[PDB]
Structures are given as C-alpha cells and as structure tokens.
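One chain is shown next in structure tokens, namely the form deposited in one PDB entry.
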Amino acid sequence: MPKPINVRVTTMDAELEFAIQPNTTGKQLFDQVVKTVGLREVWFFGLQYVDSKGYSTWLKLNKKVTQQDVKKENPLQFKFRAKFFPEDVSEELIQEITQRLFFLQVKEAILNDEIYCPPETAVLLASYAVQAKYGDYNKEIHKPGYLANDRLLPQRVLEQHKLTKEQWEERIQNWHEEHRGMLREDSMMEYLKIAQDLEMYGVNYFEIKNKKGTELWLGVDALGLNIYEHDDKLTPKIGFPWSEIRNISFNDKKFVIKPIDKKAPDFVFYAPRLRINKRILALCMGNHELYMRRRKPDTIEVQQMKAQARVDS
C-alpha cells in the first residue's frame, strides 16, 4: 500500500477532500466526486486544475491523475466546473443540483464581467439572485440595507452608473418584491433562462489573427464556431454551424475550418500558441459531441430522470 495522495476538489458551493491512490485515473476521481454530490448529468462538467507553468487545464479522465502536470502541492487543487453549456436550460438541466451549480457558475461569470450584461438585465438578474438567497421579501425580515453585504451587480455597471448602494438596493428590492411567493429552484432557473439568452453566454473566446494579421475573436460554442471583430465580441461577423462543417484542423499555429459545401472557401486563422490551438479543438469535439447527443433519442438513463422531476414539483 503506497503513500496516499490528497486532493481538494471544490464545486461552486462545496469543498471535498479525499486521498487517492497513485494510479487513480481522472475518470475514477471524477466519479467519486460526482457520486459524493449526487450529480448525474455529468456530461457538462470536468475537473479544472493548474499545471506547473500555471496554465489552467482540464483534467483528462483517461489518464492517471498523477501523470498530468498537475501543479504539485498538498492537497492538489481542482475546480469542479461546467465545461459545456446546454442549448436550452429548461430542457437539459433536470436535477436541481445540476441547476444550482450552473446557476452559481453563470452568476459568477455575470458578476465577474465575463458575460457582458446591460444594466437593466443585471438588476433583473440580481432580483432573481436575492429571491433565491433570501426567499420571499418581508418588510420585517429585510429592513433597509439587507442587500449591503451582497455582491449583486457586475462591476462594469457599477462603474457605468454611480448610484449608491442604497440607490441600487431600491431598484433590486422593488423587483425582489415582485417575486413574492416564488420558489428557490424556480428563481435560479428563472435566472438562467434570462442569462442563456445573452450574447456571450456559453461562448469560449480566443484571440486570433487571420491571414493578414488582423486581430480577431474565435467563439467556440454549443452550436458551432464564430469569428468576431476585436471591438465587438457580441455579434459575430462569420458564423459556422456544426451543420455546415466538413472538419476542423490545425498545424503549429495555422488553424483551418473546411466547409461541407466545396463552394464556400476555407476559413483560416492563426492562434498564439500550440497549447491554445489544442484547447480550441478540444472544445469543438466536446461541444459537437453534445450537439449530436441531444439530437439523439433520450438514452434509457436520461429517460426517467425527467419523470422523477415531474414528481418533485
């Protein structure tokens, strides 16, 4: 019996610590975690970690945890996070856990300015956040200032509008009162439905240059690829539905997307590093994989997760 290797896995609301044996694959580690939290819609997630060089990487299940440059410290830090997003929140997230985990992960991104958000929408989203955290507004329980310790708005709006904390509390609160009677799980889904319609939602961006040296954005996401101008990361200039894509490939830095119709030209671009061109392809394979999967008949496992969820409501 060799020396145990401790690992610290953490979800958006839980912290797990357990030892693994030297030859544990990422797959096995992933499962223990998933079984501990009672998650089943595992296809969206993955274990995130930093390697020696400090590059944030996704743990590979088919390889030993030990032999992936997992930065060395004790315990070994991993972040359980969603790698892929659903095409439709209300139709792919069944278990209430897969829901609060997405709810949390997306709100962190909205909050962190990672997913652009207009001020109206932010306020609105905040209202659904508080209703989920505090329940029904009650003039007795939530007196002036109940929303002072909370982080509710995306900095980019606080900067863009210098209202006071109280001023903001007033706008959010007004909306908090509108959700009188709503259920916790319903407030988070209510949040997600609104979020999922944002332009930068579930999009992975990468700085690229085309044949000339014009700076650009590549947006790998659930439905295909997209090319964005540098100034506008919202609306794409050239889209690429999985449907009209023959194959995608790359060499050192030159990346190429071949159309399924030979009439359309091949889109070419260049990535900074190899490590970043590898990640792009990886995302494609995963998103395209799920894209297909959700067009196939519901598997005889996903099949009744949905029925027990019609009982719990």
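Think of the rigid core as the biggest set of C-alphas that the two forms share within 1.5 Å after superposition. Position 1 is the first residue in the sequence shown; the rest follow in order.
Exercise for review: May I ask you to compare 23-31 and 242-250 by their mean CA B factor in the entry and name the higher one?
Suggested key: The deposited B-factors put 23-31 ahead on the C-alpha mean.
Exercise for review: Taking the mean of the C-alpha B-factors per stretch from the entry, tell me the winner out of 254-262 and 278-286.
Suggested key: The deposited B-factors put 254-262 ahead on the C-alpha mean.
**Study point:** Out of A271, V50, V268, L47, residue topping the C-alpha B-factor column of the entry
**Key:** Highest C-alpha B-factor among the listed options: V50.
Check your understanding: Checking the entry, which one of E114, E91, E170, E215 has the top C-alpha B factor?
Key -> Among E114, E91, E170, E215, the highest C-alpha B-factor in the entry belongs to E91.
Practice item. Relative to the other modelled residues of the same chain, rank the CA B-factor of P144 and answer lowest, middle or highest third. Key: CA B-factor rank for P144: highest third.
Exercise for review: Divide the modelled residues of the chain into thirds by Cα B-factor and specify which third, lowest, middle or highest, holds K233.
Suggested key: Tercile = highest for this residue's CA B-factor.
Review point. Once the chain's modelled residues are ordered by C-alpha B factor and cut into thirds, is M12 in the lowest, middle or highest one?
Key: As the PDB entry reports it, the C-alpha B-factor of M12 lands in the middle third of its chain.
Review point. According to the PDB entry, is the CA B factor of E166 in the bottom, middle or top third of its chain, that is, lowest, middle or highest?
Key: Its C-alpha B-factor, which the entry lists for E166, ranks in the highest third among residues of this chain.
Point to revise | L153 - which third its CA temperature factor falls in, relative to the rest of the chain | key: For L153, the deposited C-alpha B-factor lands in the lowest third.
This next part talks about the form solved in complex with a partner chain, which is not shown.
Exercise for review: Could you check which residue among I172, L101, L153, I208 gets a heavy atom within 4.5 Å of the partner chain in the deposited complex?
Suggested key: The option sitting close enough to the partner is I208.
Exercise for review: Using heavy atoms only and a 4.5 Å cut-off, determine which of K237, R180, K193, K72 is in contact with the partner chain in the deposited complex.
Suggested key: Flagged contact: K237.
Review point. So, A122, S127 and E185: all three within 4.5 Å of the partner chain in the deposited complex by heavy atoms, or not?
Key: Checked in the deposited complex: no contact with the partner chain for any of the three.
Point to revise | Which of 51-59, 38-46, 266-274, 64-72 lines the interface with the partner chain in the deposited complex (heavy atom within 4.5 Å) | key: Only one stretch qualifies here: 266-274.
Exercise for review: Spell out, yes or no, whether the shortest heavy atom distance between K212 and the partner chain in the deposited complex is within 4.5 Å.
Suggested key: Looking in the deposited complex, residue contacts with the partner chain include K212, since a heavy atom lies within 4.5 Å.
Practice item. Please run the contact check for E199 against the partner chain in the deposited complex: heavy atoms, 4.5 angstroms, yes or no? Key: Yes - in the deposited complex, heavy atoms of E199 and the partner chain come within 4.5 Å of each other.
**Study point:** 4.5 angstroms heavy atom contact with the partner chain in the deposited complex for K258
**Key:** Contact check for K258: yes, within 4.5 Å of the partner chain in the deposited complex.
Check your understanding: With a 4.5 Å heavy atom cut-off, would you call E92 a contact of the partner chain in the deposited complex?
Key -> Contact with the partner chain, no.
Review point. If you line up the core, which of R273, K35, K63, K262 has a CA that moves 2 Å or more between the shown form and the other one?
Key: Among the listed residues, the outlier is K262.
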